Each structure stands twice: as structure tokens, then as C-alpha cells.
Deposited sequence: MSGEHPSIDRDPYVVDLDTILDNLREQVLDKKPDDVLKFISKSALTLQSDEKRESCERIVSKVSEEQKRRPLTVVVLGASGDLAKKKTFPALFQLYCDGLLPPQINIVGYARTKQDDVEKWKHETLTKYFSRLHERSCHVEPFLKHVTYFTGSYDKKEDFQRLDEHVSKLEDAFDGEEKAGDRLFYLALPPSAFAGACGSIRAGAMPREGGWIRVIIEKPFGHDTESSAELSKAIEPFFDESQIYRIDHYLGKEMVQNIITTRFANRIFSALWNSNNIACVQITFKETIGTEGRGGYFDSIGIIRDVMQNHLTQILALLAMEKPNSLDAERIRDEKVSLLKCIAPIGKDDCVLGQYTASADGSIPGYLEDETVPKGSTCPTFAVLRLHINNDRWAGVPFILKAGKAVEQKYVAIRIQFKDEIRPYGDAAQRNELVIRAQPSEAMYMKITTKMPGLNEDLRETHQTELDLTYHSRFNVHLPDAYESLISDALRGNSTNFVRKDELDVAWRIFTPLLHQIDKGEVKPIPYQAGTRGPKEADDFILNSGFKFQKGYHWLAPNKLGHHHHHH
């Protein structure tokens, strides 16, 4: 088994802690939220007497059976952590109610207050964290109800975790933020982009700013172009109607890839304080002009030739004549002194040749003295499927060589669920890996004018068979932007 070596600091063990997972009956709560909380318990990252309340509309008389038949169904690491399932379920309580009625949360307040009073310690106020595993339409309703009937006692803080999507353009995203402003401020709101919980994404800051080697190289004097890529082999898999209202740009590019870009391209914060980091992300995103339709190439997958994967338009739930892109390559211009003139390419596509998420930074040629005998250096950071970071460089050919122009390309290779990382950050009050309100609005303004043009029909996707790389025009667009594919 494993003895739980509590890694929680002593300051976090003094007051009651309550985690209320609204929508505990939902898919996300039981597939991602509770498994992350269970993993946090095993890692010793939960205070000794935390309270976890599962809030839901559906009532279950199986108070102790629902905890043991639906919750652990989607658990993991059961060949090494089975010893602690029951002690973790000891902390889990169930509470039924609506997500938008004020009195339902006054009942929760007294129910949680019952749990807060049972804590071992003088302080009974308790910290309260709300995880809104709810549809976006319920966010405003839940936030108002929590503020009106479930605020913590005098003392302990309150934090609300909300997840994507935050609207589908600038206006819709701003209206959701407008509705939440009366109830909580930015210091209490924790917006989740789960890519910010990934190990490789979090390592961008340390790679760039803890090392002189990367610090001195990370500008337009040495970098020729930057590409950030999201690739999936699967298609819509029958849920094309759900995807058709989103598209590949909203799904992964406006949020996931843009978050990576901000960490890749931002200036150095003076300290590692959370808000200094987020200031630099916002400051970077403000240097980016809105993407025009001349900086984009869209695609829509057809059949997989081998029939294995059907066409996107061959799905009945997809309205016919749909202009929804399943593929997109976008060119961004970062107007500041570090990145002026450097092409940034965001590439995302479903039903392509491989499953792949990576960053590719191309450095400029060292023109002399090697010329054609050298190639551009590259820094590659891969997140999926297997984490990796390596440098591609030019080295002398091993063995007896007749002249120094005999070279070859070589590599210098480097030798936890996102929600676990994000939830622990929220518990400790670290907002570094959460989307601030102004960051959200600036990010939306970059992509929204293009998204409106796509919906109006001003851009038509290019058909490509599932399993190929995508439209040929996409690769020609990348080469014409300044990339040298090798």
C-alpha cells in the first residue's frame, strides 16, 4: 500500500475546508473532478479533515451506495491506491438541490456548517471552495445563489471554479463575465483552461525564464518562426451536431493554443507572483492584431478512404451545407519589439495523420560558413502523446570525413491529471494557471472577427480525406509564412 505522507502545509490544516462540487451527477464531476480529489487525497495534498459535498439535482437514497457504485467506477490507479478508497469516501457527503434557488443554498450552508462545526479545532468558520461542474447557462444562476445563501462564516475565504466554455465570441463571453461581476471579484473566481494544468505547459515559464540559454535566444534576432499544433486522428464520432456550433477554432485554438502562445511569447515577469505572470500574459495578448481571413486556411474532413472514418458531412446530426471547420491553420502577428516580423502559426485539426500536441520553434539559419550544409535549429516541446523536449542541431558526420561540410542533424533530448494540479492551486490561492477576466476578453477579440466571417459564410473550408494531413493549401500557407519544413 502507501502511508499517506501529508504534504499539506500546517497553515492549511487549521480551519475547516469544504469543497462543494455542484453537478455531482454530471459526467465531468465523476470522470474528472472526484477522481482528481481522490488523487489529491492519496498524494497527501488535502488537509486532514476536508469535507467534500456532492451537490446535484437528482436525489439518491443510496447515500453510501452512490459513493461506491458510480464514483469509484471512473477512479484510477486501483492496483496501488485501492487501500485508501474507503478513508477518502469517509470525507464525501451528498446534498440534493437545485442550482439556482437561494433557499436550497441556505440549506446547504447549514448542512456544511454542521460539517464545519465537527472539525477538530477552535476555528469553525471554514474555507469554502465551489466547483461548478455545470453547463455554462447555470454559471450565473449558481453564482448568485451561492452569494445569497452559502457564503462562509466570518473569516475563511470563498472561491468559485468555473470551466470552459465562456461564451462563443467577444459579446457572449463579456456578458457571462458581466453577470458574475456582482457576485464575486477576480480574486474569488478561478476560470479553468485545463491545458494550464498540464506539465509541459507549466514548464514553459521555467524553461524560458530560469535558464540563460533559453533567455538569450528567445526573440526575433534568433527565432525565424513559431508553430503550435493540435492534431487528432479521430473525427466527430457521431456528435457532429454538437461540434458544428463550436468548430475547431473555438474548441481548441482560441483557448488552449492561445494560452500556450501567451506563455511562449510573453515578457519576463519581475517575480513569480501570480498576478505579475497574468499581467504579462494579458500584456502579450494585447500586441496581437485580430486574425484576418487572409491569415487562415480552413478544412472539413471527408471519408477515410478505407471507410474506417466516415465524412463529417456524412453525419445526419450535421446540417447539410455546413461551413463548420474541422481543420484550421492561422497566422498571428505579435506587434512588439521581441516578436515583430516573426510568424506565429496555430494549427489544429481533427481526423489527421496522427495524435499530437507540440510546440515547434524554428531558429534562423546560421548562413556562414556552412550554408546548405547546415539547417535551421529547432526547439520542440511535445505535450501529447508522450512528453518530450529536444533541440535539433547540426553536427559533424561521425567517422572519417573528407571535409567539414559533411554534417548531419542530431538531437539534444531531455532526460498527474491537470485537474489535480489546478484544484490544488485553487486550494492554496494560486491563480497563476487560471484565466483572468481581461485575459479572456483580449483573447476573444483576436479570433471573434474571423469567427463571425466564418459563420456568415465568407470563408469556405477545403475538403480533405480523414487520415491525411489536411488541405494541401494549408501546408503551402505554412511554407509561404516563413517555415522551412525538413
Deposited sequence positions missing from the model - stretches, numbered from 1, in order: 1-55, 471-479, 551-568
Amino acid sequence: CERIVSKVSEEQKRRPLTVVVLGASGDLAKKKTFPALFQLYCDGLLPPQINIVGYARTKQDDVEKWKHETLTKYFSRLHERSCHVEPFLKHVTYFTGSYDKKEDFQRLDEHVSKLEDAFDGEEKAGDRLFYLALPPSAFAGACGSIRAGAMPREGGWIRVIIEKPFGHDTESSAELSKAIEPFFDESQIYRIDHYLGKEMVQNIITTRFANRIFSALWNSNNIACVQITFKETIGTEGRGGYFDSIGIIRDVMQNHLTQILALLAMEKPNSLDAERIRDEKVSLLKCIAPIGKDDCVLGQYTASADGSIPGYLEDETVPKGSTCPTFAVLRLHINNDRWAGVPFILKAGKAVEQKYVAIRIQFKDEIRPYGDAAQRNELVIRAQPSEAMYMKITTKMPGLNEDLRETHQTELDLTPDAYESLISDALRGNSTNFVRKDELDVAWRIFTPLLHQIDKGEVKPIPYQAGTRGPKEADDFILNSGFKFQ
From here on, numbers count along this sequence of modelled residues.
Which has the higher mean CA temperature factor in the PDB entry, 370-378 or 349-357? 349-357
On mean Cα temperature factor in this entry, is 157-165 or 263-271 the higher one? 157-165
Comparing C-alpha B-factors across 207, 407, 221, 415 in this entry, the winner is 415
For the listed 453, 424, 58, 432, which has the peak Cα B-factor recorded in the PDB entry? 58
Looking at the temperature factor on the CA atom of residue 66, which third of the chain's modelled residues does it land in? highest
Chain thirds of CA B-factor: placement of residue 32: middle
If you rank the chain by CA B-factor, which third does residue 237 end up in: lowest, middle or highest? highest
Could you look up the Cα B-factor of residue 337 in the entry and say which third of the chain it sits in: lowest, middle or highest? lowest
What third of its chain, lowest, middle or highest, does the C-alpha temperature factor of residue 385 fall into? highest
